[PDB]
Amino acid sequence: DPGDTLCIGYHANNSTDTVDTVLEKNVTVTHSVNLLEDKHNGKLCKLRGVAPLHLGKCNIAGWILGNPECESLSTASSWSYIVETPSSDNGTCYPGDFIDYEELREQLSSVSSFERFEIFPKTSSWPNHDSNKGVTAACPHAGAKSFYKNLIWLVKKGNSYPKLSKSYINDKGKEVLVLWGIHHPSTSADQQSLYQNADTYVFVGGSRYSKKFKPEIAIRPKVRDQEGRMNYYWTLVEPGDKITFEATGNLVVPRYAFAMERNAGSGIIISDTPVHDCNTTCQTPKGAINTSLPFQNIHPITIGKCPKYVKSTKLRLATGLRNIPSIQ
Amino acid sequence: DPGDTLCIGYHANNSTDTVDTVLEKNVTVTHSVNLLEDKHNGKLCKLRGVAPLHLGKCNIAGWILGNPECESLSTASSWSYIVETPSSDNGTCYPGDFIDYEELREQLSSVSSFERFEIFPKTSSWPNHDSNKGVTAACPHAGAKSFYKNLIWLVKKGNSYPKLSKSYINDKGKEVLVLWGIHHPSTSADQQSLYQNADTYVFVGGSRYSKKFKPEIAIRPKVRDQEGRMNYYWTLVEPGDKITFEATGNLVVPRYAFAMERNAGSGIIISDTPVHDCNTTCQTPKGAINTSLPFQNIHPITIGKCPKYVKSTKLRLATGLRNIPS
Amino acid sequence: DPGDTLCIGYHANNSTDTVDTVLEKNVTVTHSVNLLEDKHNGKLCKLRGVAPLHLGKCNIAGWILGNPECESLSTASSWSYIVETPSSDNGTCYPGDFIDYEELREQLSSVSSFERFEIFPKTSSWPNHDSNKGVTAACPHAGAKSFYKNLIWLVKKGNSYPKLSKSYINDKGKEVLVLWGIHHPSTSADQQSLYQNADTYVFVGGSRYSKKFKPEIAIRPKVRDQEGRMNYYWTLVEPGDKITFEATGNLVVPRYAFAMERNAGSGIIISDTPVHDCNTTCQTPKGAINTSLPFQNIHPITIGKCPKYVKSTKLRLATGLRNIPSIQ
Amino acid sequence: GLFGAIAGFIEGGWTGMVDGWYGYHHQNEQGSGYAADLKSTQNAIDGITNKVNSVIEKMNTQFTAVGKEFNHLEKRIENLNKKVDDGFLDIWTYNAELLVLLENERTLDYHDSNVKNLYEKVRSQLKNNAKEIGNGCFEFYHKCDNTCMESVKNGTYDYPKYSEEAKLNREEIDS
Amino acid sequence: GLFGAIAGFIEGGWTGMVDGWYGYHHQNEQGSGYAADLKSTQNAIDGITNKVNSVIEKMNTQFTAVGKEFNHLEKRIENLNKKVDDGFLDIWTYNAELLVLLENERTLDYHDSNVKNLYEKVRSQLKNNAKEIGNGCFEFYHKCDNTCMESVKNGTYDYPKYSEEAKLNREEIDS
Amino acid sequence: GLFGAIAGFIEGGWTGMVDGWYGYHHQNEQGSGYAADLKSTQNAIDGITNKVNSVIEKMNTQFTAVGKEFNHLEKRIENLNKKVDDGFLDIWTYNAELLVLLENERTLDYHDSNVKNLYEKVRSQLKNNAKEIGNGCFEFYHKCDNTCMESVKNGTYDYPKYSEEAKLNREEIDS
Ligand SMILES: *[C@@H]1O[C@H](CO)[C@@H](O[C@@H]2O[C@H](CO)[C@@H](O[C@@H]3O[C@H](CO)[C@@H](O)[C@H](O)[C@@H]3O)[C@H](O)[C@H]2NC(C)=O)[C@H](O)[C@H]1NC(C)=O
Ligand SMILES: *[C@@H]1O[C@H](CO)[C@@H](O[C@@H]2O[C@H](CO)[C@@H](O)[C@H](O)[C@H]2NC(C)=O)[C@H](O)[C@H]1NC(C)=O
Ligand SMILES: *[C@@H]1O[C@H](CO)[C@@H](O)[C@H](O)[C@H]1NC(C)=O
Ligand SMILES: *[C@@H]1O[C@H](CO)[C@@H](O)[C@H](O)[C@H]1NC(C)=O
Ligand SMILES: *[C@@H]1O[C@H](CO)[C@@H](O)[C@H](O)[C@H]1NC(C)=O
Ligand SMILES: *[C@@H]1O[C@H](CO)[C@@H](O)[C@H](O)[C@H]1NC(C)=O
Ligand SMILES: *[C@@H]1O[C@H](CO)[C@@H](O)[C@H](O)[C@H]1NC(C)=O
Ligand SMILES: *[C@@H]1O[C@H](CO)[C@@H](O)[C@H](O)[C@H]1NC(C)=O
Ligand SMILES: *[C@@H]1O[C@H](CO)[C@@H](O)[C@H](O)[C@H]1NC(C)=O
């Protein structure tokens with residue numbers, strides 16, 4: 001034959017990418033993709049474009065009540081998720097039991113509107129009650145005995161504590177978060193020394209909320225030099241609804257309320273990861289993830305539309321041919 | 001060579017059905033079946049052959065208490081699931097808190113035996129206490145002031161409200177649901193106007209139940225022209241067991257109890273879907289699903305042995321060959 | 001035409017093993033393996049090499065409180081899981097309510113260290129109160145009236161019940177579990193017959209715990225020949241923390257505490273399956289599972305690293321060829 | 001598609017053959033017509049019927065009411081209920097979609113094998129007594145009447161009977 | 001199956017061959033016997049071994065206690081717990097059953113391909129020096145002795161060595 | 001692989017070929033050169049691209065806060081949350097690892113099938129006008145210039161055009 005040649009063959013290159021199959025492993029292929037997202041920017045970013053709320057040295061309990069070390073942050077306009085730190089100690093300086101702490105955090109994780117206003121002004125609401133000496137040594141402010149910024153510790157005005165009765169109606173047209181505290185003194189002498197009365201009561205009542213409180217007086221172990229306890233309570237008020245306060249003592253009256261609109265449930269990230277100016281749609285405590293891959297291995301705890309977390313370290317998906325550049 | 005020919009070929013038809021594959025999309029095929037159930041009959045059918053319980057105008061709280069608008073308690077019957085409506089508003093007419101309302105709804109979702117009997121007859125159990133003037137304006141019955149059908153509001157008979165202690169032993173042989181209530185007035189003058197004594201207590205106790213109730217007197221914002229509140233409670237009593245009611249005031253004694261046998265935990269459907277006479281094994285708020293297909297997209301909240309809910313709009317599976325005419 | 005032949009063929013044997021494919025069923029194959037684990041040893045072995053805590057006649061309530069019948073049960077310093085029997089009715093002999101009982105059972109399901117110690121020595125802690133007459137007919141021991149081993153029912157000494165205030169500081173170095181009880185007598189005459197004072201209060205106080213109880217006196221139906229009730233309470237004490245007990249009656253003071261170190265959340269098995277001396281890495285109520293298969297059908301309620309539970313009855317995975325020994 | 005038979009060296013399918021999935025088309029002096037290979041067709045029907053039943057009849061579900069009701073103070077466990085429902089939804093939606101993609105490709109390749117092997121059957125049966133004219137057709141080097149056509153289908157083709165005749169016919173046109 | 005080798009043009013298996021999965025059967029003046037091709041059999045053995053281990057070793061579960069205890073007032077979260085456990089059982093049962101239903105079909109087709117390739121390897125090593133009598137068998141136009149047979153099984157068959165002998169035998173037979 | 005083309009009767013691949021996955025290597029009087037088949041390679045590109053998007057874009061996730069917070073008296077629901085988290089983790093990890101294992105070789109078998117089909121496409125064209133010298137190559141019995149080479153690559157080789165020339169060289173070689 002007048003020798004002419006035509007062969008059929010396949011591509012090869014210098015790729016060292018290795019994939020695995022059910023029958024074979026360490027198969028070197030020409031081209032491949034990684035189906036597992038395994039890297040993050042290492043920054044806390046803004047879900048849906050909305051920046052998060054970072055509390056720093058304070059936790060949510062300290063931030064919502066106004067601990068003296070708090071409120072130095074950038075107040076609040078709106079946020080997608082709440083960020084604390086592994087050392088966010090400064091919260092309830094006065095020992096006590098914050099009622100439904102975990103449930104409140106879920107509600108506050110994401111908000112559309114959030115404005116703070118003085119629901120009960122200090123100067124023109126408590127004429128017969130002393131809203132000036134209600135401070136404690138357990139809540140210092142640069143060495144000065146202070147108290148929560150959003151709460152007022154009402155005590156007797158010399159020797160007079162009349163039956164307090166103050167009410168408020170939700171004019172804002174939104175949900176209003178109201179927080180108040182109940183003081184439980186150590187000794188019965190401390191009861192009269194602060195409220196001038198022996199057997200007192202506190203009542204808070206709305207159209208749905210109705211509960212009465214009787215102080216429980218006993219000596220507890222010293223916590224930040226405090227043998228008494230102060231349990232903090234909270235509730236939400238529907239628009240155009242009256243909330244009634246009626247106490248003869250041992251009531252930490254609200255001073256600042258919050259008119260807010262709650263979003264769908266979000267998360268709370270606790271990490272030392274810094275916050276920068278990036279958007280992302282997937283956020284993890286390690287960092288933010290910007291990928292279209294269906295799987296990730298950065299952190300099981302994710303907020304937002306995120307890839308499903310897997311324990312895999314390599315999901316190399318073969319797309320090209322078997323790489324055979326040299327036949328031995 | 002006469003040119004006789006034999007050829008090998010495959011089928012083709014007018015089928016326009018398309019199926020997606022891992023490598024190709026559309027790919028018209030001759031024969032295919034849909035693995036996804038995407039249609040419903042739009043009816044609320046008898047699940048396990050047992051008809052449901054449609055409260056209609058009322059909700060569960062009003063039905064079990066006996067609100068004047070909540071028809072009656074039917075007869076000795078049973079149901080497979082409870083049907084409410086978004087418009088169902090008739091419930092606790094007097095403002096208050098139904099304690100463990102969510103839990104009681106799940107327990108009452110499906111029962112196989114049910115019967116309402118007068119545990120404490122009205123005119124043969126409370127001689128010393130008034131059992132006729134215990135009504136309020138917030139619970140109308142065709143216009144007039146009334147109260148719950150299954151509950152009695154006991155007040156002082158003129159000026160006499162002595163100690164009360166009435167007990168019942170569960171002779172029915174089944175679990176008995178006992179519901180009561182505690183009244184919390186606005187002012188102590190209202191407390192005296194109703195129960196004479198201004199310092200009363202309520203104690204309810206069975207073999208397991210042991211709790212003592214103290215009223216709270218304070219002024220609350222008016223809800224349906226009531227500044228007072230009335231919380232409602234419930235418990236279950238084993239057969240051959242005694243429950244004790246002991247109160248000197250502020251107690252809403254039960255009139256009708258419920259002897260029942262509970263099923264396994266079922267669901268409650270809240271939708272405006274009409275109820276017709278039909279049988280099904282899967283029930284959803286949108287409608288019933290009568291299929292053996294493993295997947296569905298009608299509604300994620302299913303009741304019964306149901307296909308798994310998926311977001312897929314189409315899960316057609318190829319069974320025939322690639323339709324290649326022309 | 002010389003005639004020599006060479007043929008290519010496939011192997012066949014006498015195996016009747018059958019497998020299923022998506023297109024065919026009951027396909028006889030030459031070699032196969034089972035992917036489903038259906039074999040259990042029928043014994044309760046030791047997860048992580050740690051023997052479980054078998055309670056036998058009692059449940060967790062009786063064992064932790066010290067119900068008479070729950071005498072020497074294991075003693076023992078650690079357990080991987082707690083095993084009750086389906087008929088173990090010896091718990092709280094005196095009727096009442098165990099508060100957070102299910103939570104306590106989950107918390108006690110597995111510990112690393114466990115030390116019972118006399119937190120309030122009977123010989124010295126109660127000189128002003130009667131610590132011996134506090135027995136009842138509801139808690140028998142060899143017919144005689146008795147009470148819980150770890151608790152002391154304090155009653156009036158003579159006709160005097162002075163105010164009680166005794167405290168403990170956690171010097172063990174681990175968490176200490178403290179359990180106490182509140183007694184609710186049937187009649188006020190019985191209240192005076194036991195604690196003299198007719199209006200009493202009980203207070204328990206730690207750095208984190210602060211709650212005060214008031215007895216609720218009424219006649220309940222006779223349960224184990226008792227018209228009174230006795231609620232039970234428990235809490236954990238952090239190392240170095242002080243727990244304060246204050247009462248004027250109706251308080252079942254602790255006598256023994258538990259200095260323990262907790263593990264991750266284990267489970268509790270209710271089965272009559274005997275406990276034998278075997279190790280295993282997976283445990284079920286029916287028995288232990290020793291396998292490397294990925295699936296099992298023995299029992300859905302597994303404890304430890306176990307194969308996933310499936311409804312499958314036979315998962316026969318083919319490894320050989322289609323067995324065709326003869327042609328018809 | 002994977003074996004090259006369907007949409008390959010047999011470009012199109014027959015709309016006239018309706019008595020099966022794979023078959024034959026003959027033509028001689030007597031006539032023509034389409035006949036389906038009932039043997040291979042029934043094998044695919046049984047397999048595909050098992051294929052549909054295998055996917056459907058492995059879904060073993062119990063009675064379950066998904067409906068859960070949580071009060072205003074139980075938002076946390078309420079989210080856990082929705083996390084479970086969303087997680088189950090994502091798992092089943094992803095698996096159901098990919099399962100359809102897998103078995104649709106398997107089904108098409110399975111049909112490709114049947115068509116390819118049916119052609120291989122006849123090609124290895126006729127041998128050189130017929131000419132491969134492409135497009136899944138054979139041209140006989142002899143007089144293949146109706147009885148001869150049935151022999152190939154119900155595979156009983158007497159190759160020795162026509163072997164000597166086809167030997168001379170092949171050489172004559174070879175001139 | 002999908003390739004038509006196992007239960008296809010080779011109708012049955014060899015119960016007399018015991019040293020491997022796929023192999024040869026020869027016959028000459030020096031005798032006959034069954035021998036299994038060592039490389040191809042080991043290739044399937046290694047691949048199938050990896051197939052089983054891939055299904056098993058990809059399952060990695062942590063310590064987990066499924067047991068959960070709830071009281072009379074925790075029915076709602078108790079039913080949620082069952083919804084989790086029933087959902088996990090339904091997913092795993094469906095996946096495990098279909099996984100075996102799929103990889104078993106792959107396993108059988110894997111053996112079918114291996115038999116086909118072995119026939120092709122020998123077929124495209126003897127060429128016209130042997131005649132495809134069928135049923136996965138070759139008849140030699142020359143005389144293939146024990147040395148010649150081992151060359152075929154070793155993949156080192158010398159075609160030009162025996163081609164001249166096959167040239168004369170083929171022409172005389174095909175007269 | 002599964003079709004015996006890649007790493008089979010074509011032992012290795014071509015480093016020189018860089019314009020596609022599958023192709024040809026001609027050599028005649030004018031010269032030689034690698035050239036990829038622009039239809040099969042493009043078809044394989046579409047399939048594999050659709051393969052990756054099918055796996056990726058079938059995942060449909062919503063906004064979800066995985067993390068949960070529980071107090072000292074909510075250990076039981078806390079453990080239930082981890083059972084949901086760990087259970088979801090175990091399900092996805094098993095599926096993801098095995099999905100890659102299943103599809104990787106299916107892609108490799110897909111490439112193996114495409115190469116073999118390309119060899120069959122050319123072989124069905126040249127017929128006896130070329131001699132299969134093996135290793136995926138053909139040797140022409142006639143003179144095939146650059147225009148003739150493109151006709152084969154275009155799938156329009158004119159067998160009748162060169163049949164007479166190949167007929168003379170085929171039997172002259174025999175003598
Ligand atoms: C903000 O957080 C810091 C903690 O990072 C608080 O200061 C710290 O308070 C603790 C607790 O009182 C002090 O530790 C020890 O306290 C006990 C009394 O409980 C005492 O016996 C020990 O001698 C010791 O002081 C700790 O020293 C103290 N300081 C620091 C720098 O950590 C701080 O009070 C918080 N502020 C507010 C406003 O909440
Ligand atoms: C231990 O459990 C047994 C029951 O298993 C208790 O004895 C039972 O007491 C009840 C009281 O209602 C009687 O009805 C039974 O007849 C008794 N059964 C017996 C004696 O076998 C026993 O009291 C429990 N506790 C202690 C501390 O003994
Ligand atoms: C996020 O996107 C918004 C628009 O949706 C844009 O205004 C904003 O600057 C972005 N933030 C970044 C890129 O950090
Ligand atoms: C195919 O044709 C038949 C007969 O006319 C008809 O009944 C059927 O609906 C057609 N299918 C289509 C158009 O999909
Ligand atoms: C097959 O025969 C062997 C002995 O040759 C024996 O060990 C084995 O049990 C037999 N198995 C079956 C299924 O007949
Ligand atoms: C269990 O393993 C431990 C590991 O130290 C070993 O000492 C012990 O003998 C083993 N016991 C049994 C019963 O397997
Ligand atoms: C059809 O094939 C069967 C099975 O080989 C055979 O018995 C029969 O004689 C054949 N008949 C015809 C007419 O080909
Ligand atoms: C068998 O083939 C190998 C190469 O695969 C060669 O080295 C060897 O010499 C051959 N013969 C024998 C007897 O091993
Ligand atoms: C190439 O093939 C196409 C499609 O069959 C045809 O239209 C065209 O004429 C061919 N051209 C050459 C140069 O072979």
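Calculation rules
- Residues numbered from 1 in each chain as written, not as in the entry; some residues may be left out.
- Chains lettered and ligands numbered in written order.
- Heavy atoms only, no water.
- UniProt positions renumbered as here; feature names shortened; annotations may be inferred.
- Helix = DSSP H or I, 4+ residues; strand = E, 2+ residues; numbered from the N terminus.
- Rg over C-alpha atoms; globule rule 2.2 N^0.38 Å.
- Contact = heavy atoms within 4.5 Å.
- Areas by Shrake-Rupley, 256 points an atom, 1.4 Å probe, with all protein chains shown as cover.
- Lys, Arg positive; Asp, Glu negative; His and termini not counted.
- Charge placed at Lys NZ, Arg CZ, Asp CG, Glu CD.
- Buried < 20%, exposed > 50% of the residue type's maximum accessible area, 1.4 Å probe, protein only.
- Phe/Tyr/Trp six-rings, centres within 6.5 Å; stacked < 30°, edge-to-face > 60°.
- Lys NZ or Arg CZ within 6 Å of the ring centre and 35° of its normal.
- Pairing = 2+ DSSP bridges.
- Expected span 1.5 Å × (residues − 1).
- Axes fitted to C-alpha atoms, helices over the stretch in contact; angles between N-to-C directions.
- Bend = angle between axes of the 7 residues up to and from the residue.
- Polar contact = N/O pair within 3.5 Å; in protein donor to acceptor, adjacent residues only side chain to side chain.
- Core = buried A, V, L, I, M, F, W, Y, C linked by side-chain atoms within 4.5 Å.
- Disulfide = S-S within 2.5 Å.
- Buried area = accessible area lost by both parts, 1.4 Å probe.
- Salt bridge = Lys/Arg side-chain N within 4 Å of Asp/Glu carboxyl O.
- Parallel < 35°, antiparallel > 145°, perpendicular 65-115°, else oblique.
- Nonpolar A, V, L, I, M, F, W, Y, C, P; charged D, E, K, R; others polar.
- Domains from an automatic or database assignment.

X-ray crystallography is the method the PDB entry lists for this structure, together with a resolution of 3.29 Å.

If you check the PDB entry, chain A appears there as Hemagglutinin HA1 chai from Influenza A virus. This entry carries the title "Crystal structure of 346-54 Fab in complex with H1 HA from A/California/04/2009(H1N1)".

As annotated in the PDB entry, chain B carries the name Hemagglutinin HA1 chai and is attributed to Influenza A virus. UniProt's Sequence similarities (unreviewed entry) comment on chain B is quoted here verbatim: "Belongs to the influenza viruses hemagglutinin family." UniProt annotates chain B under Subunit (unreviewed entry) with the comment "Homotrimer of disulfide-linked HA1-HA2. Interacts with human CACNA1C."

Draft legend 1. Spotlight on the overall build of chain A. Helix and strand counts for chain A come out as three helices and 27 strands. The C-alpha atoms of chain A give a radius of gyration of 30 Å, which is well past the 20 Å a tight globule of 328 residues would have. Here the C-alpha coordinates of chain A stretch approximately 125 × 45 × 35 Å along the principal axes. Put simply, of all contacts in chain A between residues at least 6 apart along the chain, 78% involve residues at least 24 apart. When the accessible area of chain A is evaluated, it comes to approximately 13,300 Å², of which 45% is carbon and sulfur surface. One way to put it: in chain A the 36 positive side-chain charges average out to a point 6 Å from where the 32 negative ones average out.

Draft legend 2. The overall build of chain B, seen in detail. In terms of helices and strands, chain B carries three helices and 27 strands. Taking 2.2 N^0.38 as the reference for a compact globule, 326 residues should give roughly 20 Å; the C-alpha atoms of chain B span a radius of gyration of 30 Å, well beyond that estimate. With the principal axes as the frame, chain B shows a C-alpha extent of 125 × 45 × 35 Å. Counting every position in chain B, which comprises 326 residues, the buried fraction comes to 57%. The contacts of chain B with a sequence gap of at least 6 include a subset with a gap of at least 24, amounting to 78%. Carbon together with sulfur atoms contributes 45% to the accessible area of chain B, which is approximately 12,900 Å² in total. Taken together, the 36 basic and 32 acidic charged side chains of chain B have centroids lying 7 Å from each other.

Draft legend 3. Structural view of the packing of aromatic side chains. In total, this model carries 84 aromatic pairs over all chains according to the counting rule given. Between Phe-120 of chain A and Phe-245 of chain A, the aromatic rings sit 6.2 Å apart at their centres with planes inclined by 90°, giving edge-to-face as the arrangement. Pair noted here: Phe-120 of chain A is in the loop between strand 8 (111-118) and strand 9 (129-130) and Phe-245 of chain A is in strand 19 (residues 242-247), with a separation of 125 residues, a long-range link. Assessed through its relative accessible area of 2%, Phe-245 of chain A is described here as buried. Here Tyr-119 of chain F and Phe-138 of chain F contribute two aromatic rings whose centre-to-centre distance is 4.8 Å and whose plane-to-plane angle is 20°, an arrangement assigned as stacked. Of this pair, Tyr-119 of chain F sits in helix 2 (residues 75-126) while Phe-138 of chain F sits in strand 4 (residues 137-140), placing them 19 residues apart in sequence. Taken together through their ring pairs, the aromatic side chains of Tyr-94, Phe-98, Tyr-101, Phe-147, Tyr-148, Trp-153 and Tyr-232 of chain A make up a single cluster. Stacked on the ring of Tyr-256 of chain A, the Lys or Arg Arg-116 of chain A has its end atom at 4.3 Å from the ring centre. Looking at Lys-172 of chain A, its charged tip hangs above the ring of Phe-117 of chain A, at a distance of 4.8 Å from the centre.

Draft legend 4. Spotlight on the sheet that holds strand 5 (residues 53-54) of chain B. Residues and elements named next belong to chain B. Strand order in the open sheet formed by three strands is 5-6-21, with parallel pairing between adjacent strands. Both outer strands of the open sheet, strand 5 and strand 21 (268-270), are each paired with one neighbouring strand and no more. Alignment of strand 5 against strand 6 (residues 82-84), held across two bridges, turns out to be parallel. Looking across to strand 6, one finds that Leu-53 is bridged to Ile-82.

Draft legend 5. Looking closely at the environment of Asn-154 of chain E. Residues and elements named next belong to chain E. Tracing the sequence through the fold places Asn-154 in the loop between helix 3 (146-153) and helix 4 (159-173). Judged by its relative accessible area of 57%, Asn-154 is exposed. Measuring from C-alpha to C-alpha, the distance between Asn-154 and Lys-39 comes to 9.6 Å, with 115 residues separating the pair along the chain.

Draft legend 6. Broad picture of helix 1 (residues 40-57) of chain F. In a regular helix each residue adds 1.5 Å, so 18 residues correspond to 26 Å; helix 1 of chain F covers 25 Å between its end C-alpha atoms and thus fits that length. Turning to helix 1 of chain F, its buried residues number three or more, namely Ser-40, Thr-41, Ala-44, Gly-47, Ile-48, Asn-50, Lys-51, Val-52, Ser-54, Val-55 and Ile-56 of chain F. Those residues of helix 1 of chain F that are buried lie in contact with strand 27 (316-318) of chain A, helix 2 (75-126) of chain D together with strand 1 (22-27) and helix 2 of chain F.

Draft legend 7. Quick look at the sheet that holds strand 14 (residues 202-205) of chain C. Residue and element names in this part refer to chain C. If you walk across this open sheet you meet the four strands as 12-17-14-15, and the pairing is antiparallel. Because the sheet does not close on itself, it has two edges, and the strands there are strand 12 (164-169) and strand 15 (210-213). On average, adjacent strands in this sheet sit at an angle of 10° to one another, irrespective of strand direction. Sheet analysis places strand 14 next to strand 15, joined by four bridges and oriented antiparallel. Bridge assignment links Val-202 to a residue of strand 15, and that residue is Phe-213.

Draft legend 8. Highlighting helix 4 of chain E. Residue and element names in this part refer to chain E. Spanning 15 residues, helix 4 covers 20 Å between terminal C-alpha atoms, matching the ideal 21 Å at 1.5 Å per step. Of all the bends in helix 4, the greatest, near 30°, is centred on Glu-165. Within helix 4 the residues assigned to the buried category are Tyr-162, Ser-163 and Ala-166. Looking at the buried residues of helix 4, the elements they touch are helix 3. N-cap assignment for helix 4: the residue whose side-chain oxygen lies 3.1 Å from the backbone N of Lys-161 is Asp-158.

Draft legend 9. Fine view of the side chain of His-142 of chain F. Within the secondary structure, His-142 of chain F sits in the loop between strand 4 and helix 3 (146-153). Polar contacts involving the side chain of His-142 of chain F include one to the side chain of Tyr-157 of chain F, which spans 2.6 Å. Once residues within four sequence positions are removed from consideration, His-142 of chain F is found in contact with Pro-2 and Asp-4 of chain A together with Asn-129, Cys-148, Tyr-157, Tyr-162, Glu-165 and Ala-166 of chain F.

Draft legend 10. Fine view of the nonpolar core. Grouped together as the largest cluster of nonpolar side chains are 160 residues, with contacts concentrated most on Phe-295 of chain A, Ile-8 and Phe-295 of chain B, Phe-295 of chain C, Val-115 of chain D together with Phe-140 of chain E. Residues contacting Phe-295 of chain B, with those up to four places away along its chain left out, are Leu-35, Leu-36, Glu-37, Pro-307, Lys-308, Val-310 and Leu-315 of chain B, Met-59, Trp-92 and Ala-96 of chain D together with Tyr-94 of chain E. Core analysis: the second largest hydrophobic core is formed by 61 residues, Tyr-101, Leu-177, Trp-180 and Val-237 of chain B among them.

Draft legend 11. Quick look at the state of the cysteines. Residue and element names in this part refer to chain B. Counted according to the given criterion, the structure contains 17 disulfides over all chains. The side chain of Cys-58 participates in a disulfide bridge whose partner is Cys-70; the two sulfur atoms lie 2.0 Å from each other. The sign of the -95° torsion about the S-S bond sets the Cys-58-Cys-70 disulfide as left-handed. Taken together, the residues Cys-58 in the loop between strand 5 and helix 1 (60-65) and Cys-70 in the loop between helix 1 and strand 6 connect sequence positions twelve residues apart.

Draft legend 12. Quick peek at the interface of chain A and chain E. Every contact between the two is made by six residues of chain A and, on the other side, 13 residues of chain E. Note on chain A versus chain E: buried area summed over both sides is about 690 Å², and carbon and sulfur give 53% of it. Among the residues chain A hides against chain E, the three largest losses belong to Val-22, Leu-23 and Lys-311 of chain A. Together they make up 82% of the total. Our count for the chain A to chain E interface comes out at zero salt bridges. The interface formed by chain A and chain E holds four residue pairs in polar contact in total.

Draft legend 13. Quick look at the packing of helix 1 of chain F against helix 2 of chain F. All names here are of chain F. Running from N to C, helix 1 and helix 2 point in directions that differ by 170°, and their axes come no closer than 12 Å. Classified by the interaxial angle, the pair formed by helix 1 and helix 2 is roughly antiparallel. Touching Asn-43, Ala-44, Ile-48, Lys-51 and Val-55 of helix 1 are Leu-99, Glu-103, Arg-106, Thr-107, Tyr-110, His-111 and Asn-114, all from helix 2. A class-by-class count of the residues in the contact of helix 1 with helix 2 yields five nonpolar, four polar and three charged.

Draft legend 14. Quick look at the packing of helix 1 (residues 38-56) of chain D against helix 2 of chain D. All names here are of chain D. Where helix 1 contacts helix 2, the axes come no closer than 11 Å and their chain directions differ by 170°. Classified by the angle between their axes, helix 1 and helix 2 sit roughly antiparallel to one another. On the side of helix 1, the interface is formed by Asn-43, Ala-44, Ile-48, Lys-51 and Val-55, while helix 2 contributes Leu-99, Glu-103, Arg-106, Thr-107, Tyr-110, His-111 and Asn-114.

Draft legend 15. Spatial organisation of the domain arrangement of chain B. When its domains are assigned, chain B resolves into domain 1 (1-40 + 289-326) and domain 2 (46-270). The distance between the C-alpha centroids of domain 1 of chain B and domain 2 of chain B comes to 56 Å.

Draft legend 16. Expanded view of the environment of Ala-51 of chain A. Relative to the assigned elements, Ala-51 of chain A resides in the loop between strand 5 (36-37) and strand 6 (53-54). Other than its neighbours up to four places away in sequence, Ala-51 of chain A contacts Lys-46, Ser-78, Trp-79 and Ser-80 of chain A.

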